[PDB]
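A quick write-up on the structure given underneath.
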Amino acid sequence: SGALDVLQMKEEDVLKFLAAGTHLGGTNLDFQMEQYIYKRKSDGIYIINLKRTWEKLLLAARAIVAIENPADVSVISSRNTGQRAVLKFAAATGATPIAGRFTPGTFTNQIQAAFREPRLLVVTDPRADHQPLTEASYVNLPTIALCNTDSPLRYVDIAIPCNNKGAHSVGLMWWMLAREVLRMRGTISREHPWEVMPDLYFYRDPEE
RNA sequence: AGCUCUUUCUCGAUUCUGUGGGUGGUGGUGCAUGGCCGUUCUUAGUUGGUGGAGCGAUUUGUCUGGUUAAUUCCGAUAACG
């Protein structure tokens with residue numbers, strides 16, 4: 001990766017990726033998502049490479065580190081699956097969540113009381129949260145998000161591929177994201193098991 | 001009706017007369033106007049701020065749907081209050 005094997009993907013994490021079905025990706029493709037895919041099966045389903053997922057995780061996370069204030073890396077998700085995941089993210093690591101409906105004009109107003117000026121964004125799924133992306137390009141925000149095979153790239157600077165159609169793929173990926181930023185900034189580093197797990201970043205899932 | 005005329009007393013600077021200038025008018029103009037009233041209109045309509053969309057006139061907000069006597073609420077939502 002960069003450093004020889006003290007940042008490179010371990011044998012452990014491979015099991016978690018495959019158990020959460022992150023490697024699988026939808027039938028439809030884009031021409032900006034061609035390189036991330038390796039190939040197709042004998043059936044409609046296209047298998048994302050996990051090596052290529054891993055490199056994109058790192059500089060994405062390293063950019064979340066690079067800011068000197070952790071209270072203005074505003075995360076956003078509006079899908080139900082991505083509500084519980086982001087809430088733990090921005091609770092654990094200093095960040096600002098915007099859960100549910102966006103309520104437009106919150107990055108360009110001077111009258112609204114939910115007005116904020118962050119630096120980064122971390123979005124789940126471009127085609128549920130298209131609204132904050134358009135407003136990001138009016139006030140110079142860097143942008144990161146989780147793309148799928150059929151999610152187009154536009155007003156995003158870096159992608160973090162994932163299966164993310166509402167799965168354990170979602171919560172696992174947000175957990176891993178918060179794990180990495182702590183290895184560089186925090187004192188959680190040792191790279192041997194963290195107390196917090198991905199078993200509460202997964203969906204609410206209506207119970208009995 | 002001393003209004004006028006005949007008649008011949010009375011009042012005393014308040015006046016009369018000329019010019020300049022006022023004043024009054026249910027005189028005109030409601031197509032010069034104020035105010036008031038009627039009517040469009042007894043229906044549910046109306047507007048600005050900041051942001052968004054347009055070269056602009058403008059538009060969004062002030063709504064597909066459900067609901068109410070009612071722009072009355074629920075809900076939706078590039079609009080928010």
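Residue names in the structure tokens use chain letters A, B, ... in the order shown, residue numbers from 1 in each chain, and ligand numbers from 1 in the order shown.
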Problem set entry | All alpha helix (DSSP H) residues (DSSP, backbone) inside segment 3-196 of chain A, as an MDAnalysis selection string | chainID A and resid 11:19 50:66 81:92 130:136 168:184
Each residue of chain B lying at most 12 Å from chain A should get a row with its shortest atom-to-atom pair and the distance in Å to one decimal, counting only C-alpha atoms (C1' of nucleotides); could you produce that, ordered by chain and increasing number, as CSV?
residue,atom,partner,partner_atom,distance
B:49,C1',A:111,CA,9.5
B:50,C1',A:111,CA,6.2
B:51,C1',A:109,CA,5.8
B:52,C1',A:105,CA,8.2
B:77,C1',A:103,CA,8.7
B:78,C1',A:104,CA,5.9
B:79,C1',A:104,CA,6.2
B:80,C1',A:112,CA,6.4
B:81,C1',A:112,CA,7.5
Now that the selection is made, can you save its residues with N, CA and C atoms (P, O5', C5', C4', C3', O3' and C1' of nucleotides) as a PDB file, in the first residue's frame?
ATOM      1  P     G B  49     -38.423  41.241  -1.338  1.00  0.00           P
ATOM      2  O5'   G B  49     -37.894  40.683   0.044  1.00  0.00           O
ATOM      3  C5'   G B  49     -37.337  41.569   1.021  1.00  0.00           C
ATOM      4  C4'   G B  49     -36.809  40.767   2.216  1.00  0.00           C
ATOM      5  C3'   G B  49     -35.730  39.729   1.888  1.00  0.00           C
ATOM      6  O3'   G B  49     -34.449  40.357   1.798  1.00  0.00           O
ATOM      7  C1'   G B  49     -37.354  38.731   3.272  1.00  0.00           C
ATOM      8  P     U B  50     -33.475  40.082   0.587  1.00  0.00           P
ATOM      9  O5'   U B  50     -32.888  38.672   0.971  1.00  0.00           O
ATOM     10  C5'   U B  50     -31.897  38.540   1.993  1.00  0.00           C
ATOM     11  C4'   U B  50     -31.735  37.059   2.357  1.00  0.00           C
ATOM     12  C3'   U B  50     -31.442  36.083   1.207  1.00  0.00           C
ATOM     13  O3'   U B  50     -30.051  36.107   0.866  1.00  0.00           O
ATOM     14  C1'   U B  50     -33.192  35.205   2.509  1.00  0.00           C
ATOM     15  P     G B  51     -29.649  35.830  -0.647  1.00  0.00           P
ATOM     16  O5'   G B  51     -30.028  34.308  -0.894  1.00  0.00           O
ATOM     17  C5'   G B  51     -29.250  33.297  -0.236  1.00  0.00           C
ATOM     18  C4'   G B  51     -29.882  31.916  -0.443  1.00  0.00           C
ATOM     19  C3'   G B  51     -30.089  31.438  -1.882  1.00  0.00           C
ATOM     20  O3'   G B  51     -28.856  30.992  -2.459  1.00  0.00           O
ATOM     21  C1'   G B  51     -32.023  30.973  -0.639  1.00  0.00           C
ATOM     22  P     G B  52     -28.692  31.114  -4.039  1.00  0.00           P
ATOM     23  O5'   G B  52     -29.750  30.105  -4.647  1.00  0.00           O
ATOM     24  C5'   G B  52     -29.608  28.700  -4.412  1.00  0.00           C
ATOM     25  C4'   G B  52     -30.770  27.944  -5.062  1.00  0.00           C
ATOM     26  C3'   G B  52     -31.005  28.165  -6.553  1.00  0.00           C
ATOM     27  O3'   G B  52     -30.040  27.435  -7.319  1.00  0.00           O
ATOM     28  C1'   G B  52     -33.069  28.219  -5.440  1.00  0.00           C
ATOM     29  P     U B  77     -40.887  13.728   0.399  1.00  0.00           P
ATOM     30  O5'   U B  77     -40.488  15.185  -0.071  1.00  0.00           O
ATOM     31  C5'   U B  77     -40.466  15.511  -1.468  1.00  0.00           C
ATOM     32  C4'   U B  77     -40.417  17.034  -1.663  1.00  0.00           C
ATOM     33  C3'   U B  77     -39.194  17.762  -1.097  1.00  0.00           C
ATOM     34  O3'   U B  77     -38.104  17.658  -2.015  1.00  0.00           O
ATOM     35  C1'   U B  77     -41.146  18.887  -0.394  1.00  0.00           C
ATOM     36  P     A B  78     -36.642  18.109  -1.590  1.00  0.00           P
ATOM     37  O5'   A B  78     -36.674  19.687  -1.678  1.00  0.00           O
ATOM     38  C5'   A B  78     -36.695  20.316  -2.964  1.00  0.00           C
ATOM     39  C4'   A B  78     -36.914  21.813  -2.745  1.00  0.00           C
ATOM     40  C3'   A B  78     -37.405  22.589  -3.980  1.00  0.00           C
ATOM     41  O3'   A B  78     -38.261  23.677  -3.612  1.00  0.00           O
ATOM     42  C1'   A B  78     -35.415  23.526  -3.266  1.00  0.00           C
ATOM     43  P     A B  79     -39.810  23.503  -3.368  1.00  0.00           P
ATOM     44  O5'   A B  79     -39.904  22.902  -1.905  1.00  0.00           O
ATOM     45  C5'   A B  79     -39.957  23.731  -0.740  1.00  0.00           C
ATOM     46  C4'   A B  79     -38.579  23.932  -0.112  1.00  0.00           C
ATOM     47  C3'   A B  79     -38.617  24.592   1.264  1.00  0.00           C
ATOM     48  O3'   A B  79     -38.807  23.602   2.275  1.00  0.00           O
ATOM     49  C1'   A B  79     -37.135  25.776  -0.112  1.00  0.00           C
ATOM     50  P     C B  80     -39.723  23.867   3.529  1.00  0.00           P
ATOM     51  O5'   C B  80     -38.862  24.890   4.357  1.00  0.00           O
ATOM     52  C5'   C B  80     -37.647  24.508   4.999  1.00  0.00           C
ATOM     53  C4'   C B  80     -37.026  25.737   5.666  1.00  0.00           C
ATOM     54  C3'   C B  80     -37.957  26.553   6.580  1.00  0.00           C
ATOM     55  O3'   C B  80     -38.024  25.939   7.874  1.00  0.00           O
ATOM     56  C1'   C B  80     -36.848  28.025   5.116  1.00  0.00           C
ATOM     57  P     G B  81     -39.379  25.967   8.696  1.00  0.00           P
ATOM     58  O5'   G B  81     -39.487  27.458   9.208  1.00  0.00           O
ATOM     59  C5'   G B  81     -38.576  27.939  10.207  1.00  0.00           C
ATOM     60  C4'   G B  81     -38.588  29.471  10.243  1.00  0.00           C
ATOM     61  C3'   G B  81     -39.940  30.174  10.475  1.00  0.00           C
ATOM     62  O3'   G B  81     -40.276  30.210  11.867  1.00  0.00           O
ATOM     63  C1'   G B  81     -38.883  31.147   8.624  1.00  0.00           C
TER      64        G B  81
END
For this session: Pick out the residues sitting within 12 Å of residue 140 of chain A, and hand them over as a ChimeraX atom specification; count only C-alpha atoms (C1' of nucleotides), and ignore anything fewer than 6 positions along from it in its own chain.
Result: /A:107-108,117-121,133-134,155-157
Let me see the file: selected residues, N, CA and C atoms, as a compact mmCIF listing (two decimals), in the first residue's frame.
# COMPACT_ATOMS: atom_id res chain seq x y z
N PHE A 107 -26.46 24.80 3.46
CA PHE A 107 -25.09 25.15 3.16
C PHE A 107 -25.08 26.44 2.39
N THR A 108 -26.26 27.06 2.13
CA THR A 108 -26.32 28.38 1.55
C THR A 108 -27.56 29.04 2.10
N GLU A 117 -20.99 25.52 7.92
CA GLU A 117 -19.99 25.52 6.89
C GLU A 117 -18.99 24.47 7.32
N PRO A 118 -19.02 23.25 6.77
CA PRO A 118 -18.05 22.22 7.11
C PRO A 118 -16.97 22.28 6.07
N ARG A 119 -16.06 21.28 6.01
CA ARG A 119 -15.07 21.21 4.97
C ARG A 119 -15.37 20.00 4.15
N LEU A 120 -15.57 18.82 4.78
CA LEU A 120 -15.74 17.58 4.05
C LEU A 120 -17.19 17.22 4.13
N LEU A 121 -17.58 16.20 3.34
CA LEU A 121 -18.84 15.52 3.46
C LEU A 121 -18.50 14.07 3.31
N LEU A 133 -24.96 17.23 -2.41
CA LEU A 133 -23.93 17.24 -3.43
C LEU A 133 -23.97 18.43 -4.34
N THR A 134 -25.18 18.84 -4.80
CA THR A 134 -25.35 20.02 -5.62
C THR A 134 -24.99 21.30 -4.89
N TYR A 155 -20.01 15.43 -8.80
CA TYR A 155 -19.88 16.23 -7.60
C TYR A 155 -19.40 15.40 -6.43
N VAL A 156 -18.40 14.53 -6.68
CA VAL A 156 -17.74 13.73 -5.68
C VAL A 156 -16.31 13.71 -6.14
N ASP A 157 -15.35 13.68 -5.19
CA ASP A 157 -13.95 13.74 -5.53
C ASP A 157 -13.34 12.38 -5.37
Seminar exercise, completed: From the list B:31, B:37, B:44, B:58, the nearest residue to residue 72 of chain B using only C-alpha atoms (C1' of nucleotides) is B:44
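For the choices A:160, A:149, A:138, A:91, the atom-to-atom distance to residue 122 of chain A is smallest for A:160 when using only C-alpha atoms.
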For this session: Mind the document's chain letters and residue numbers, and return as a ChimeraX atom specification the residues of segment 22-206 of chain A that DSSP labels strand (DSSP E).
Result: /A:24-25,37-40,46-48,73-77,96-99,120-124,144-146,158-159
Problem set entry | For segment 62-79 of chain A: contacts at 7 Å, only C-alpha atoms (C1' of nucleotides), fewer than 4 positions along chain excluded, given as a PyMOL selection string | chain A and resi 58+83+94-101+118-124+128-129+181+185
Write the residues you've just listed into a file as a PDB file, in the first residue's frame, and include N, CA, C and O atoms for each of them.
ATOM      1  N   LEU A  58      -8.272   4.162   2.404  1.00  0.00           N
ATOM      2  CA  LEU A  58      -7.187   4.664   3.205  1.00  0.00           C
ATOM      3  C   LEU A  58      -7.065   6.142   3.020  1.00  0.00           C
ATOM      4  O   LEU A  58      -7.249   6.874   3.985  1.00  0.00           O
ATOM      5  N   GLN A  83     -28.943   5.194   8.856  1.00  0.00           N
ATOM      6  CA  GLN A  83     -29.283   6.127   9.912  1.00  0.00           C
ATOM      7  C   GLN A  83     -28.520   5.717  11.129  1.00  0.00           C
ATOM      8  O   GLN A  83     -27.836   6.536  11.738  1.00  0.00           O
ATOM      9  N   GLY A  94     -15.419  12.563  16.561  1.00  0.00           N
ATOM     10  CA  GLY A  94     -15.966  13.903  16.531  1.00  0.00           C
ATOM     11  C   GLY A  94     -16.355  14.291  15.128  1.00  0.00           C
ATOM     12  O   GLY A  94     -15.506  14.422  14.248  1.00  0.00           O
ATOM     13  N   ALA A  95     -17.674  14.414  14.895  1.00  0.00           N
ATOM     14  CA  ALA A  95     -18.224  14.740  13.608  1.00  0.00           C
ATOM     15  C   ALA A  95     -19.625  15.200  13.879  1.00  0.00           C
ATOM     16  O   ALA A  95     -20.067  15.229  15.028  1.00  0.00           O
ATOM     17  N   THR A  96     -20.353  15.598  12.812  1.00  0.00           N
ATOM     18  CA  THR A  96     -21.655  16.208  12.904  1.00  0.00           C
ATOM     19  C   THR A  96     -22.544  15.362  12.028  1.00  0.00           C
ATOM     20  O   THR A  96     -22.260  15.264  10.836  1.00  0.00           O
ATOM     21  N   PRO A  97     -23.596  14.708  12.517  1.00  0.00           N
ATOM     22  CA  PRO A  97     -24.463  13.913  11.668  1.00  0.00           C
ATOM     23  C   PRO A  97     -25.623  14.763  11.229  1.00  0.00           C
ATOM     24  O   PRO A  97     -25.990  15.706  11.929  1.00  0.00           O
ATOM     25  N   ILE A  98     -26.187  14.446  10.042  1.00  0.00           N
ATOM     26  CA  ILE A  98     -27.390  15.046   9.532  1.00  0.00           C
ATOM     27  C   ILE A  98     -28.167  13.845   9.084  1.00  0.00           C
ATOM     28  O   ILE A  98     -27.942  13.303   8.003  1.00  0.00           O
ATOM     29  N   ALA A  99     -29.125  13.412   9.934  1.00  0.00           N
ATOM     30  CA  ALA A  99     -29.837  12.173   9.774  1.00  0.00           C
ATOM     31  C   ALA A  99     -31.184  12.518   9.211  1.00  0.00           C
ATOM     32  O   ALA A  99     -31.756  13.555   9.545  1.00  0.00           O
ATOM     33  N   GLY A 100     -31.694  11.665   8.291  1.00  0.00           N
ATOM     34  CA  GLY A 100     -32.992  11.840   7.682  1.00  0.00           C
ATOM     35  C   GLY A 100     -32.953  12.939   6.658  1.00  0.00           C
ATOM     36  O   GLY A 100     -31.896  13.245   6.107  1.00  0.00           O
ATOM     37  N   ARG A 101     -34.135  13.544   6.376  1.00  0.00           N
ATOM     38  CA  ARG A 101     -34.337  14.542   5.347  1.00  0.00           C
ATOM     39  C   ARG A 101     -33.491  15.770   5.580  1.00  0.00           C
ATOM     40  O   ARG A 101     -33.425  16.296   6.692  1.00  0.00           O
ATOM     41  N   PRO A 118     -19.018  23.253   6.771  1.00  0.00           N
ATOM     42  CA  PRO A 118     -18.054  22.218   7.108  1.00  0.00           C
ATOM     43  C   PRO A 118     -16.972  22.284   6.067  1.00  0.00           C
ATOM     44  O   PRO A 118     -16.973  23.236   5.290  1.00  0.00           O
ATOM     45  N   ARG A 119     -16.063  21.279   6.011  1.00  0.00           N
ATOM     46  CA  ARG A 119     -15.066  21.213   4.973  1.00  0.00           C
ATOM     47  C   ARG A 119     -15.371  19.998   4.146  1.00  0.00           C
ATOM     48  O   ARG A 119     -15.494  20.109   2.930  1.00  0.00           O
ATOM     49  N   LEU A 120     -15.571  18.817   4.779  1.00  0.00           N
ATOM     50  CA  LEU A 120     -15.738  17.584   4.046  1.00  0.00           C
ATOM     51  C   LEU A 120     -17.189  17.218   4.135  1.00  0.00           C
ATOM     52  O   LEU A 120     -17.949  17.819   4.893  1.00  0.00           O
ATOM     53  N   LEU A 121     -17.584  16.203   3.336  1.00  0.00           N
ATOM     54  CA  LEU A 121     -18.838  15.515   3.460  1.00  0.00           C
ATOM     55  C   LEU A 121     -18.496  14.067   3.313  1.00  0.00           C
ATOM     56  O   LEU A 121     -17.506  13.725   2.667  1.00  0.00           O
ATOM     57  N   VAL A 122     -19.316  13.176   3.915  1.00  0.00           N
ATOM     58  CA  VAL A 122     -19.202  11.750   3.733  1.00  0.00           C
ATOM     59  C   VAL A 122     -20.631  11.308   3.610  1.00  0.00           C
ATOM     60  O   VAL A 122     -21.403  11.406   4.561  1.00  0.00           O
ATOM     61  N   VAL A 123     -21.020  10.854   2.399  1.00  0.00           N
ATOM     62  CA  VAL A 123     -22.402  10.646   2.035  1.00  0.00           C
ATOM     63  C   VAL A 123     -22.558   9.167   1.786  1.00  0.00           C
ATOM     64  O   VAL A 123     -21.618   8.516   1.346  1.00  0.00           O
ATOM     65  N   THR A 124     -23.739   8.573   2.100  1.00  0.00           N
ATOM     66  CA  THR A 124     -24.079   7.251   1.616  1.00  0.00           C
ATOM     67  C   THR A 124     -24.955   7.482   0.420  1.00  0.00           C
ATOM     68  O   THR A 124     -25.876   8.292   0.501  1.00  0.00           O
ATOM     69  N   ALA A 128     -29.666   9.118  -3.208  1.00  0.00           N
ATOM     70  CA  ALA A 128     -30.648   9.380  -2.187  1.00  0.00           C
ATOM     71  C   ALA A 128     -30.364  10.735  -1.625  1.00  0.00           C
ATOM     72  O   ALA A 128     -31.259  11.394  -1.100  1.00  0.00           O
ATOM     73  N   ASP A 129     -29.091  11.171  -1.721  1.00  0.00           N
ATOM     74  CA  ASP A 129     -28.622  12.405  -1.159  1.00  0.00           C
ATOM     75  C   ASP A 129     -27.963  13.136  -2.281  1.00  0.00           C
ATOM     76  O   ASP A 129     -26.779  13.457  -2.215  1.00  0.00           O
ATOM     77  N   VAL A 181      -9.381   5.974  11.051  1.00  0.00           N
ATOM     78  CA  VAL A 181      -9.080   7.326  11.494  1.00  0.00           C
ATOM     79  C   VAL A 181      -8.489   7.378  12.893  1.00  0.00           C
ATOM     80  O   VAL A 181      -7.755   8.306  13.225  1.00  0.00           O
ATOM     81  N   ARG A 185      -4.880   8.921  14.240  1.00  0.00           N
ATOM     82  CA  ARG A 185      -4.980  10.054  15.133  1.00  0.00           C
ATOM     83  C   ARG A 185      -4.995   9.623  16.571  1.00  0.00           C
ATOM     84  O   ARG A 185      -4.259  10.163  17.397  1.00  0.00           O
TER      85      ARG A 185
END
